[PDB]
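Residue numbering for the sequence shown follows mature numbering (1 follows the signal peptide of the UniProt record, and there is no 0), beginning at 281 and increasing consecutively. Beta carbons: idealized from backbone N, C-alpha and C, even for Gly. What follows is a single structure, written as structure tokens, with notes after it.
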Amino acid sequence: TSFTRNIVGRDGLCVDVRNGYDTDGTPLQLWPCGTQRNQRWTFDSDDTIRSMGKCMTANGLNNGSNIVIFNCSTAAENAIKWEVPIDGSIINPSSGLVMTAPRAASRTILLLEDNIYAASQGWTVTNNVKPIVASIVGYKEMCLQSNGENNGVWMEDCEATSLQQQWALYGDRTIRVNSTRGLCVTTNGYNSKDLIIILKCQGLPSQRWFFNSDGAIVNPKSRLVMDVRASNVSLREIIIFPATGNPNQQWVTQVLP
Ligand SMILES: *[C@@H]1O[C@H](CO)[C@@H](O[C@@H]2O[C@H](CO)[C@@H](O)[C@H](O)[C@H]2NC(C)=O)[C@H](O[C@@H]2O[C@@H](C)[C@@H](O)[C@@H](O)[C@@H]2O)[C@H]1NC(C)=O
Ligand SMILES: *[C@@H]1O[C@H](CO)[C@@H](O[C@@H]2O[C@H](CO)[C@@H](O)[C@H](O)[C@H]2NC(C)=O)[C@H](O[C@@H]2O[C@@H](C)[C@@H](O)[C@@H](O)[C@@H]2O)[C@H]1NC(C)=O
Ligand SMILES: *[C@@H]1O[C@H](CO)[C@@H](O[C@@H]2O[C@H](CO)[C@@H](O)[C@H](O)[C@H]2NC(C)=O)[C@H](O)[C@H]1NC(C)=O
Ligand SMILES: CC(=O)N[C@@H]1[C@@H](O)[C@@H](O)[C@@H](CO)O[C@@H]1O
Ligand SMILES: CC(=O)N[C@@H]1[C@@H](O)[C@@H](O)[C@@H](CO)O[C@@H]1O
Ligand SMILES: *[C@@H]1O[C@H](CO)[C@@H](O)[C@H](O)[C@H]1NC(C)=O
């Protein structure tokens, strides 16, 4: 009834108990991923998440409160229970606040903040601490392709040799240009028909995505899903749109060699 994994988030860095100290109150931070014990988190059926025999703990339950390691028995019960929603958040049920990395840098200290569905609030519980590299196959068995910073994404015939068809699926729930990992698939607004482009990763809600069980790629803040505009690949426009279940909104990841 328990299992142990890393937790990968912002910029592909991992949740790390700072300096590897286990004394009560030691902050959680981002640090490059590894196998050290202070990055190994055990998920127990009691909804605790433990490292080095101690619990991930909200040191307070307010906007901006720090998350620390603390003795599981002596901490407040409200402070040591967590849930891992399917969209990749890590939520403290008592407060409703979510784990947030407010900066991308190593040594950034993790905070509970109001959920805004930001990419800074996306996490992946996994033993593979590298981004998964895949083509994103969609409408007409075509492949999603990048076309540079600030430009639209669009569909093209799948080519094993097209680097701009290769996507790094990061633990913070961002979809990144594999060959330029500072750049993120980004919706240019949260309204229906807003265009999906490539922009510098800035941890924004516009840069967060969820691969749901229906084959959709969902932007959690807007609720909207990636859509090949008008089922017309020649428009070279991918938008966000309400989920319809139609072929122009169905996507599969295909892992690359
Ligand atoms: C919870 O904490 C967040 C980080 O402190 C707040 O965002 C920050 O709000 C500051 C003004 O209080 C502003 O100068 C900062 O730029 C901003 N930081 C970022 C990165 O957004 C947040 O406050 C809400 O959202 C901001 C953008 C403003 O609209 C505030 O008026 C809001 O209160 C805090 N959230 C809440 C609901 O308290
Ligand atoms: C969490 O805090 C508990 C209360 O301070 C620790 O249990 C206490 O450990 C003392 C020193 O080891 C021991 O004298 C006390 O009998 C015991 N108190 C109680 C109420 O059990 C606990 O330490 C862990 O569990 C105890 C029982 C021993 O097995 C320790 O060796 C364990 O470290 C603290 N937990 C951790 C992980 O530090
Ligand atoms: C995706 O991009 C990554 C990062 O640039 C590429 O990975 C590098 O590949 C070279 C050659 O194999 C290795 O020597 C490095 O160790 C890799 N870097 C990292 C950080 O993993 C990768 O080849 C790209 N393409 C695919 C399909 O993954
Ligand atoms: C093994 C070990 O304790 N490693 C930690 C690492 O996980 C990180 O916490 C870093 C900076 O705070 O301090 C050490 O290098
Ligand atoms: C079935 C079909 O092509 N639906 C598309 C829809 O998915 C979206 O792209 C919209 C934008 O105006 O255009 C059409 O309704
Ligand atoms: C698809 O888009 C292209 C390019 O803009 C346009 O020329 C064409 O007529 C469109 N096809 C349909 C069926 O609307």
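Could you check which residue in the options has the C-alpha nearest to that of residue i?
i      : options                           : result
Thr380 : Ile370, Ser386, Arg387 and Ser374 : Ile370
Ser325 : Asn318, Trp362 and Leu463         : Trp362
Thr388 : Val378, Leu377, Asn395 and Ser400 : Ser400
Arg503 : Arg516, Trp489, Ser514 and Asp494 : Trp489
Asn430 : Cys464, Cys313, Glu357 and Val378 : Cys464
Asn528 : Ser374, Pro373, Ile416 and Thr303 : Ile416
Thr460 : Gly495, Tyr470 and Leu449         : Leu449
If the criterion is Cβ atoms closer than 7 Å, does the pair residue i and residue j meet it?
i      : j      : result
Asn342 : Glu393 : no
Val288 : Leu308 : no
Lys501 : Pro485 : yes
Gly432 : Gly402 : no
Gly451 : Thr404 : yes
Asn499 : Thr467 : yes
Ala355 : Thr337 : yes
Between which residues of its own chain and residue i is the CB-CB distance below 8 Å, once the five residues before and five after are set aside?
i      : result
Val535 : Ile412, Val413 and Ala414
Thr306 : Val297, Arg298, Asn299, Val348 and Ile349
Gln425 : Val433, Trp434, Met435, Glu436, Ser442, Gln444 and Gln445
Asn339 : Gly305, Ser345, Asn346, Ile347, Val348, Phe350 and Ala359
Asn286 : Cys294, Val295, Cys313, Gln319, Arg320, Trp321, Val405, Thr406, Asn407 and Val409
Give a single yes or no on whether residue i has its beta carbon closer than 6 Å to a heavy atom of ligand 6.
i      : result
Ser511 : no
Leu515 : yes
Once the 5 residues before and after residue i are set aside, which same chain residues still bring their CB inside 7 Å of it?
i      : result
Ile519 : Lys473, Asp474, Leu475, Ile476, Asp507 and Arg509
Compute the minimum distance between the beta carbon of residue i and the heavy atoms of ligand 2, and state whether it is under 6 Å.
i      : result
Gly451 : no
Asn427 : no
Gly333 : yes
Just checking residue i against ligand 3 - is the residue's beta carbon closer than 6 Å to any of the ligand's heavy atoms?
i      : result
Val413 : yes
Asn346 : no
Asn431 : no
When every heavy atom of ligand 1 is checked, does at least one fall within less than 6 Å of the C-beta of residue i?
i      : result
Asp394 : yes
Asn286 : no
Less than 6 Å separating the Cβ of residue i from some heavy atom of ligand 4?
i           : result
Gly300      : yes
residue 263 : This structure cannot speak to residue 263, because the chain is shown only from 281 to 537.
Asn492      : no
Please go through the same chain and pick out, in chain order, the residues whose beta-carbon is closer than 6 Å to the beta-carbon of residue i, but skip the five residues on each side of it.
i      : result
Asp291 : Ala384
- Query: Do the region 466–479 and the region 435–448 touch if we need at least three Cβ pairs shorter than 8 Å?
  - Reply: no
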